[PDB]
Amino acid sequence: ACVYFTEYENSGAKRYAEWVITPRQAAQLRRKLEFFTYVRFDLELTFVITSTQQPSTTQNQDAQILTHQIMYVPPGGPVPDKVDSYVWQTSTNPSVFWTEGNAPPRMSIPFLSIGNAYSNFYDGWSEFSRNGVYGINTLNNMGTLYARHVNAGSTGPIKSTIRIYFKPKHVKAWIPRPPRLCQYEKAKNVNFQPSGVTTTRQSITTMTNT
Amino acid sequence: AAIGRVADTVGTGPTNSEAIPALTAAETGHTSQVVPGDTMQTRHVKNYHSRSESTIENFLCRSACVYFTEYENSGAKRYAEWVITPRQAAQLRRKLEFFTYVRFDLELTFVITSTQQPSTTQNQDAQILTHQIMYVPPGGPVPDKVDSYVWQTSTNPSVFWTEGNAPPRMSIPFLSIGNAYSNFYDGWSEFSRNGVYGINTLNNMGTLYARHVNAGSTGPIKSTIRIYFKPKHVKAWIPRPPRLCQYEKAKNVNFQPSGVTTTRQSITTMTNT
Amino acid sequence: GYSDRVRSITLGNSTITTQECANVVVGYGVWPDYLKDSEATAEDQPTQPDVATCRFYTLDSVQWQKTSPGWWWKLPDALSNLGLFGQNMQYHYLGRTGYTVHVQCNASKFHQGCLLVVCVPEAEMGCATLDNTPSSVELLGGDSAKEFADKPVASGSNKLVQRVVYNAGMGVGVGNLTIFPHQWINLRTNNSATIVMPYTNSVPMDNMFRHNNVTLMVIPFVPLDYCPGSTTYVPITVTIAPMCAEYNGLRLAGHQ
Amino acid sequence: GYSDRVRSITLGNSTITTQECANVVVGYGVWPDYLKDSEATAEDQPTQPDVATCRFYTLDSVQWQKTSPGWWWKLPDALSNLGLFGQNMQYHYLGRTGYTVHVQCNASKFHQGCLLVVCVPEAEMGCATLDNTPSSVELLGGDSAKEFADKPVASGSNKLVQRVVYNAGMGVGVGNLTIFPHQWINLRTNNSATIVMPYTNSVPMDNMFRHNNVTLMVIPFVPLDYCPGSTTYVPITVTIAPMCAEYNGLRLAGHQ
Amino acid sequence: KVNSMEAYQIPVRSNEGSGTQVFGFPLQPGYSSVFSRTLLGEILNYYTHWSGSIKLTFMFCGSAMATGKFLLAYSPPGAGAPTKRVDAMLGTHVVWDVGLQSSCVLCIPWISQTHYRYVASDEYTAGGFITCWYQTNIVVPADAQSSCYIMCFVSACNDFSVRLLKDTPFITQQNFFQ
Amino acid sequence: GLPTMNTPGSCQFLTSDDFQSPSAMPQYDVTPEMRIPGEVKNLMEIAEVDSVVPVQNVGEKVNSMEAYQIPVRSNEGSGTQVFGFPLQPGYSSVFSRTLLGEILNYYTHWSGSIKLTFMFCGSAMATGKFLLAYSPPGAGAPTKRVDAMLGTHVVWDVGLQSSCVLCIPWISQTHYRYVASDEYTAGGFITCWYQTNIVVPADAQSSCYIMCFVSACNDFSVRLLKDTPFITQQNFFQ
Amino acid sequence: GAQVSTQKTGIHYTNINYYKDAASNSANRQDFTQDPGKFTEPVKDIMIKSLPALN
Amino acid sequence: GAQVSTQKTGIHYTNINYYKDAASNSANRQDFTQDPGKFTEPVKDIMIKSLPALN
Ligand SMILES: CCCCCCCCCCCCCCCC(=O)O
Ligand SMILES: CCCCCCCCCCCCCCCC(=O)O
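Residue numbers (the numbering used here), protein chains in the order written: chain A, 1 to 210; chain B, 211 to 483; chain C, 484 to 739; chain D, 740 to 995; chain E, 996 to 1173; chain F, 1174 to 1411; chain G, 1412 to 1466; chain H, 1467 to 1521.
Pasting the structure below:
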């Protein structure tokens, strides 16, 4: 399930992408996972990386094959401040190197929770004073993902989109709950806009959906 | 327990003897072996935590870019060259330097990428690029130009790669002349205690050379070659304090005096300030 | 009637005694021993002087002053001019040893301080000027301690040593020197420090002049202090004894 | 390698150490223990907090001055506001405990003095004015010592305590306090005092506010003394740990 | 002081009272500047999660004639750091009495709601506060220094482990070294 | 279709790879083998065979048989050095082009003892004794006979047995030494001296020559295969 | 001749070396040996925890 | 050592794990366990269908 996607460009202002890892920015997968209170599973990661030539006035453009680099930075690790920061050395951080044309890069991820199961809901706070953060986001500390090109390729400008897909494997779920009714509003909390229980119909005798 | 499991917590109760687990004498040079139960009533805990990710092997076994240069389609620098060393990158170097001597095989991986250079050449139509990396052990003929006879490699080992394909990769045995790679060497290269000093008197790992095999297009192209190291089958001896001061030079341990740690208000401040 | 505070060590025609030591630290658990035939390369018959070379050599004392930053001695080197141990170094291309390092320093129930005796294997040192490497004369003190500095050492195209104590001249936390065989002389309870070091190196044997595999360092973490009346000159003496010393590749003398 | 001078006590999430104690006095030979079923009356399921209530609570220190007459603490009381032990007292009609009482006080080979640590069970106290009985506020000091007086206390329709030390405020010879579980902290050889007290009373359990079955007293028989130069502030700290604490008759809190 | 041996010294001296705090730092073996550059801390900083008890060994470097007792304590999170001795003794503690045995250990038991804690900072993963107090003030004789120092050593217990390998923030560069 | 997944290295072309590949001549019948004298199995078989060393590189002599001649003659004293070259079987011009040296130059590391056989080509009537010596590194090359005899040596006495051997024992701090030059890998100095000057009778030439052969011992080995510096070209030969 | 080991968990996997050099084999990620003694406790005389370190 | 299970139908398939971590294994798509009781029927006193729920 595509849970998110951003873009980074050949050159210019945003030359590298960054994303605080989360399954709550997409609504599809998030509503399923939220079918249960606590969950435990391994995760199959798949990346769909595509590039598109940007409109410019550069003469004779002759792009070379693009090679990207996705890198994961666990909470507490040095972050890249520029596409050529020393951080992309990844002596220890795990990262994939991919080249356009090849099959989507993919890799497995163990159940990374600090607890005995991922929590989908958390009716609590981050502070013992019941201040600070509230809700699911006080538990989310899955680190950040960073993408970038390794080569610029052509003289012309190119924009690349990176789609992140999640696929739970070896699943165990506990305490089912009512499926989400109200549309999602924010990514870091359950805030909603009050919704009716269902679509309507004429009278309690109408055999039609109206 | 389970080969790599961690010790379980032994349940304890009230004490009142003359047994003194808590009192010791650091002067001995001995580290205390106290455990929770020794200074407080504990419950029993079957601990399943493993130390699997702390093995010397798992700690040093991840590809690390140790260096990278570039060479161009045409012009002045048409071929690259690099005296092999793990000390130009700081990441991997600081880990390896966690131990005095080390021994391991090495998994080499190369990430080769090209970029079209800005020029005024009309109708450019690049053909697929094919590179050649070549290793020259200390004592062997070196290339002086991108078309030197040396790139024949009748005996020198070298890889030929073509853009688009997976990164080229190959294994390298423990190449030391000694019984283990040395990370530090408090000595000289001369018996008079002159000449070179430090780790670099032992580094004689030869040179690596890259180049294109074809020019590809009429236009100018620049290629970058990233070298990655990945220690395999590791054995390490005599751990040492981790590097504190930033690295300054690649061929010695020279540093710029640094404070022991970041500061904070007073010895009572529970905050990092 | 037995106390681990008391101890006595005999090596050759020399014996040492203490009535207030801690334990005795033994290398990395390993006890010195000659080179096994399945671990050698030098094909010639080695020489084992034994009693003549593996004895207690007492170096120059040193004064511990309320402000002393610390000292250090390169080991193969600190003895290169003492007795036959030195004569064997000069005459042979190859040598191999371990040592019983004994650091003495008595005070009184009224003084205070805490030294850190440590054997650092392969103690490569940094330079004050980032473009050079310390000179032999600046690193080696042979039987006479080398002092650490209370504060940084300035650059300026010299071949000096970045002797700043809290960096042990290696660019690391001085307080992490404990991962090396060590003991602490805490005048309050202690009085001496003993460490037996097994031969360490990435090779069976090495040239004893060209290389210094171990470096002994004494570094006060808690400065000496007393009161008007208590004596002021509290020296620190170092005695080192080679163990299972072997030498190969005999030739003409000279450390050239 | 064993010395009765050294000792260590663990109770709950707390441990205590001494390197210069005497023995350890154990109550009237009896060691604390919960109430047996053939010795109880309260029919309800008691509560045994255990680790939460039977831990080491360190009270307010106190200064031993060359003239200090002594101190005292009513026991069920001295902890009535410390942690969950106190919370249980407030919430329950009935309680039952024993304690490991540890009195600390270090000096130096150059000071001198001798304290008398004693656990007096049922220490009813007298009044300065023969027609009244001391008030709660005058007897209880809860976690803060109560001082004895160097000389008599005058009458005059007040509800004060006849704190004259040599009478222990009980009208008896202070020097006969030894028939009670005790130890002597004689700075010369001692350094701390440990006493384990079993539950004492004429009934299985009692209300912990309304009654104070034991009273800890520290009383110098040989006054502190040193010399110009030696430190002057020599504190005395008291740590007490409940043992096998049980509570019955749960109800609303408050010590009303 | 971070630029001298003094960084490793804990000031202790004779006072005109007891109860005085001697020091206090949090249980953040990975983050807190106090631990972060330690042998333990250096290692933790190459990982994301940690778990286990920790040992804090305290060596008294006063003079043979100096005496005194200290209260080493560990208060799990939930409330604030204890501000008075009488509030710290309500938590996991060890009353250390200085004597022939120079050092004393405060074993910080791994109490936590989760199996592992983050090496980085995070309040969910809060670890509590480690503080020291005067149990019975320092007491020297004449001609013996009344101001002393106490060293503090740290190390992991046999139930300590680390997970999720990552890069250290402690080492950086701008260009390949020459 | 068996689910597969290519890994790094895929499609590359390592010069030293080792894989199977289809024959372009399916079922071709190879010519039957034949017993040919002197087969070779390992290069060390060759490195164990003596070859004449050119100790006299001196100037123009490299272009004549003289390069292989060691001058010896009657003197008015003893102690005189006769020659002296380093132990650099790979680098030193003295060895580099030898049978042993040629082989070493296709490798990066070497280890083992070496044999220097010295044949006296004087006349039957000529006599004398020489001091063949090997001084391990650490000090300098011995400059006087009295300083060379302090090292590993053989006092050779010329007589009916024409040749004499100086076995240079592999003394070294590392298991292997670099074939190329490097001071860490220093090998020491090989020198010869007059023990008791040449002594001929009348009518017998007083100036003679001594040849020097070199070969590897049974404990000699070589590692890390590389290209020789000794062969070059500018264009494919026609 | 393949080999069969255990994977990491809280099942097995098959391995067949394809190269003539051991250097080519995958990493040895499962060596869980441990010997702290060399570092913590390199004392010549065994120190018994419950006892006094000096007497 | 491979394994051999049954495919889904109205035959078997072979599987050989190639990685050292169980996390790398394919999904467990064939666990057909079922226990509705936890949810439908979490009553302390067993309710017999044919009987009255209250009396
Ligand atoms: C290149 C390596 C990439 C590694 C990808 C790591 C992604 C971590 C995924 C965490 C999963 C879903 C968790 C929700 C967290 C929470 O709210 O507690
Ligand atoms: C195409 C063939 C490439 C071969 C790559 C060979 C690289 C050699 C690596 C040596 C490794 C790390 C050694 C540090 C050396 C030292 O300081 O002693």
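Built from N, CA and C at the ideal position, the CB exists for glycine as well.
- Per DSSP, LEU1272/F is one residue of the alpha helix (DSSP H) stretching across 1272 to 1277.
- Exclusion of the five residues before and after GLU1221/F leaves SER1388, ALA1389 as the residues of its chain whose Cβ lies within less than 7 Å of its Cβ.
- Using a Cβ-Cβ cut-off of 7 Å, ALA1464/G is close to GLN1096 of chain E, given in chain order.
- Taking the Cβ atoms as the reference, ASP708/C lies roughly 12 Å from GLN1004/E, outside the contact range of under 8 Å.
- Closest option to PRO860/D, judged by alpha-carbon separation, among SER874/D, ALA781/D, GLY766/D: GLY766/D.
- Nearest CB-CB separation between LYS1460/G and chain C: not below the 8 Å threshold.
- Three or more beta-carbon pairs separated by less than 8 Å link the segment 1357 to 1369 of chain F to the segment 1250 to 1270 of chain F, which places the two stretches in contact.
- Of all residues in the segment 266 to 280 of chain B, none has a C-beta nearer than 7 Å to a C-beta of chain D.
- DSSP places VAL360/B in the helix class (H, G or I) of the three-state scheme.
- The continuous beta strand (DSSP E) containing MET956/D extends over residues 953 to 957.
- Contacts with chain H at 8 Å (Cβ-Cβ) include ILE1422/G.
- Going by C-alpha positions, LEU542/C is about 21 Å away from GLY578/C.
- Straight-line measurement puts the Cα of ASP633/C at about 47 Å from the Cα of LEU854/D.
- Around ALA1489/H, the same chain offers no residue with a beta carbon nearer than 7 Å, after the five sequence neighbours per side are excluded.
- For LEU660/C, the three-state secondary structure derived from DSSP is helix.
- According to the DSSP assignment, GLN802/D belongs to the beta strand (DSSP E) that extends over 801 to 803.
- Among the residues facing chain B, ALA103/A is not included, as its CB has no counterpart in that chain under 8 Å away.
- Apart from the 5 residues on each side of it in sequence, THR199/A sits with its Cβ closer than 8 Å to the Cβ of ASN209 in its chain, given in chain order.
- The three-state reading of DSSP puts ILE294/B in coil, since its state is none of H, G, I, E or B.
- Only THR524, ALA525, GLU526, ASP527 from the segment 508 to 540 of chain C bring a Cβ to less than 7 Å from some Cβ of chain F.
- When Cβ-Cβ separations below 8 Å define contact, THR1420/G makes contact with chain H.
- For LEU733/C, the neighbours in chain F by C-beta distance under 7 Å run, in chain order, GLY1324.
- By DSSP's assignment, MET107/A forms a beta bridge with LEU45/A.
- Residues of chain C whose Cβ lies closer than 7 Å to the Cβ of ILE409/B are, in chain order, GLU607.
- Between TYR1144/E and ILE114/A the beta-carbon gap is near 38 Å, outside 8 Å, which marks them as no contact.
- Considered as a whole, the segment 491 to 517 of chain C harbours 498 to 501 as its complete beta strand (DSSP E) runs of no fewer than 3 residues, in chain order.
- When 8 Å is used as the limit between beta carbons, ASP1320/F is near these residues of chain C: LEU735, in chain order.
- A contact between stretches requires three or more CB pairs, one per stretch, nearer than 8 Å, and the segment 955 to 971 of chain D meets this requirement with the segment 799 to 807 of chain D.
- Nearest to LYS557/C by alpha-carbon distance, out of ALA590/C, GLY625/C, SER497/C, is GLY625/C.
- Proximity of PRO75/A to chain E, defined by a Cβ-Cβ separation below 8 Å, is satisfied.
- Buried is the label assigned to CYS537/C, since at least 16 other Cβ atoms lie within 10 Å of its Cβ.
- The CB of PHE692/C comes closer than 7 Å to the CB of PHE401, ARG403 in chain B, given here in chain order.
- Distances between the C-beta of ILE175/A and the heavy atoms of ligand 1 are all 7 Å or more.
- One alpha carbon belongs to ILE748/D, the other to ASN226/B, and they sit about 5 Å apart.
- Under a criterion of Cβ atoms nearer than 9 Å, no residue of chain C is adjacent to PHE1443/G; the nearest Cβ is some 20 Å distant.
- Annotation for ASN827/D: the continuous alpha helix (DSSP H) segment containing it runs 822 to 830.
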